[PDB]
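Just below is one structure, and these are the notes that go with it.
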Amino acid sequence: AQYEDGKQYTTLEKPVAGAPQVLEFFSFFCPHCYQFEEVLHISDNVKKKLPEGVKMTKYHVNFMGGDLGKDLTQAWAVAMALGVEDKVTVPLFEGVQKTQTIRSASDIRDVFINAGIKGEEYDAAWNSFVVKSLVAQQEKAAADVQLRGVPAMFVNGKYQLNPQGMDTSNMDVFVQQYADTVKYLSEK
């Protein structure tokens, strides 16, 4: 076939009941994640190719960057709670990987402040139980698929994208293949 299990995707041998429809994992420490998000715009080209009625979910992971890595999972929970993902994703990637100006939780906080979130509102969210359960959700989703590498994407808790099985000579063509594959998998 044109799409083959084991070729553009793999099937989870033990399926995750109740998983989000399209589930992407990343780390702000992750070089390919920077590429995926800042250069290739994978997340954006996929939602643009999802059928109607299928929502997209993106979670941060702990297993890179030690203590700062965990802080970033909590900050991403704050990003989700406040609905400001599209305001902090770029300065967080660039702060960690480009300028390397993010070294502490306070430096992460500065990014939100500069993005216009009030300090009092950030701090309230950071310490909130709604954010704690959002952190838990991120951890549980990663645990459900025994996640060990990023970037990663899962469709319906059953299939895992396999981008190594794709031509990267043209960046545009790779992104649309990736997106078209997610669409295919979501209609499975």
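Letters A, B, ... go to the chains of the structure tokens in the order shown; residues in each chain start at 1; ligands are counted from 1 in the same order.
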
Query raised in the report: as an NGL selection string, which residues of region 62-159 of chain A does DSSP assign to strand (DSSP E)?
Result: :A and (152-155 or 159)

Would you save the residues from that selection as an mmCIF file, in the first residue's frame, using C-alpha atoms?
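This is the output file out_39.cif:
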```cif
data_model
loop_
_atom_site.group_PDB
_atom_site.id
_atom_site.type_symbol
_atom_site.label_atom_id
_atom_site.label_comp_id
_atom_site.auth_asym_id
_atom_site.auth_seq_id
_atom_site.Cartn_x
_atom_site.Cartn_y
_atom_site.Cartn_z
ATOM 1 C CA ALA A 152 6.633 12.547 18.630
ATOM 2 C CA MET A 153 3.071 12.431 17.415
ATOM 3 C CA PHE A 154 0.293 9.952 18.111
ATOM 4 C CA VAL A 155 -3.100 9.516 16.516
ATOM 5 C CA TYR A 159 -0.553 5.013 15.850
#
```

Name the residues in contact with region 70-79 of chain A at a cut-off of 7 Å, using only C-alpha atoms, excluding same-chain residues fewer than 3 positions from it; report them as a short mmCIF file (atom, residue, chain, number, x, y, z; two decimals) with N, CA and C atoms, in the first residue's frame.
```cif
data_model
loop_
_atom_site.label_atom_id
_atom_site.label_comp_id
_atom_site.auth_asym_id
_atom_site.auth_seq_id
_atom_site.Cartn_x
_atom_site.Cartn_y
_atom_site.Cartn_z
N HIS A 60 4.37 19.11 26.69
CA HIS A 60 5.79 19.17 26.95
C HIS A 60 6.24 17.94 27.75
N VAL A 61 7.53 17.60 27.69
CA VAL A 61 8.04 16.45 28.42
C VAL A 61 9.16 16.78 29.38
N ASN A 62 9.31 15.91 30.38
CA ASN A 62 10.30 16.09 31.44
C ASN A 62 11.68 15.52 31.15
N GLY A 66 16.79 18.12 32.64
CA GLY A 66 16.75 18.05 34.09
C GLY A 66 15.76 18.94 34.79
N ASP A 67 16.27 19.70 35.75
CA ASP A 67 15.40 20.53 36.57
C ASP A 67 14.70 21.58 35.71
N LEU A 82 -3.62 29.52 30.46
CA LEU A 82 -3.93 30.90 30.11
C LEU A 82 -4.27 31.10 28.64
N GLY A 83 -4.13 30.03 27.85
CA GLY A 83 -4.31 30.10 26.40
C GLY A 83 -3.36 31.07 25.71
N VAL A 84 -2.08 31.01 26.06
CA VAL A 84 -1.09 31.89 25.46
C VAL A 84 0.07 31.15 24.79
N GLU A 85 -0.19 29.91 24.38
CA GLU A 85 0.78 29.09 23.68
C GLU A 85 1.40 29.80 22.49
N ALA A 105 13.88 29.21 36.43
CA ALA A 105 12.44 29.42 36.41
C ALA A 105 12.12 30.90 36.26
N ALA A 125 -1.20 31.43 38.40
CA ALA A 125 -1.33 30.23 37.58
C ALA A 125 -0.26 29.22 37.92
N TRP A 126 1.00 29.67 37.96
CA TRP A 126 2.12 28.78 38.27
C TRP A 126 1.89 27.94 39.53
N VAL A 131 -3.18 24.19 37.18
CA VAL A 131 -1.90 23.93 36.52
C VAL A 131 -1.27 22.59 37.00
N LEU A 134 -2.85 19.94 35.12
CA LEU A 134 -2.43 20.06 33.74
C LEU A 134 -1.04 19.40 33.56
N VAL A 135 -0.15 19.62 34.53
CA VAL A 135 1.15 18.95 34.58
C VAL A 135 0.98 17.43 34.63
#
```

Query raised in the report: Where does DSSP see alpha helix (DSSP H) in region 7-145 of chain A, if you list the residues as a ChimeraX atom specification?
Result: /A:31-34,42-47,66-82,85-93,105-114,119-126,129-144

Report task. Take CA of residue 40 (chain A) and CA of residue 16 (chain A) and report the distance between them in Å, one decimal. Result -> 28.1 Å

Query raised in the report: Could you name the residues that touch residue 111 (chain A) at 8 Å or less, counting only C-alpha atoms, but leaving out those on the same chain fewer than 2 positions away, as a ChimeraX atom specification?
Result: /A:88,91-92,107-109,113-115

Could you save those same residues with C-alpha atoms as an mmCIF file, in the first residue's frame?
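Saved to part26.cif:
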```cif
data_model
loop_
_atom_site.group_PDB
_atom_site.id
_atom_site.type_symbol
_atom_site.label_atom_id
_atom_site.label_comp_id
_atom_site.auth_asym_id
_atom_site.auth_seq_id
_atom_site.Cartn_x
_atom_site.Cartn_y
_atom_site.Cartn_z
ATOM 1 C CA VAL A 88 5.344 32.069 24.291
ATOM 2 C CA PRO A 91 10.545 33.060 22.732
ATOM 3 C CA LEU A 92 10.811 29.886 24.846
ATOM 4 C CA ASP A 107 14.040 33.420 33.188
ATOM 5 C CA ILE A 108 11.063 31.432 31.992
ATOM 6 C CA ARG A 109 8.790 33.814 33.873
ATOM 7 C CA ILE A 113 6.066 38.951 31.272
ATOM 8 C CA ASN A 114 7.663 40.202 28.055
ATOM 9 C CA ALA A 115 4.849 38.475 26.130
#
```

Query raised in the report: Contacts of residue 185 (chain A) at 12 Å or less, counting only C-alpha atoms, minus same-chain residues fewer than 5 places along, as an NGL selection string?
Result: :A and (3-5 or 8-11 or 21-22 or 46 or 49-51 or 54 or 153-162 or 178-180)

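Residue nearest residue 132 (chain A), chosen from A:117, A:39, A:150, A:81 and counting only C-alpha atoms: A:81.
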
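If you measure from each of A:187, A:86, A:94, A:144 to residue 28 (chain A) using only C-alpha atoms, the closest one turns out to be A:94.
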
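Remark: for residue 58 (chain A), the closest of the candidate residues A:27, A:99, A:133, A:45 is A:27 (distances computed over only C-alpha atoms).
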
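Distances from A:19, A:37, A:183, A:106 to residue 119 (chain A) were compared using only C-alpha atoms, and the smallest one belongs to A:106.
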
Query - Computed interatomic separation between CA of residue 17 (chain A) and CA of residue 47 (chain A) (Å) - result: 22.1 Å

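In this structure, CA of residue 182 (chain A) sits 16.0 Å away from CA of residue 1 (chain A).
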
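With only C-alpha atoms as the atoms that count, the minimum distance from residue 14 (chain A) to the choices A:100, A:128, A:186, A:146 is reached by A:146.
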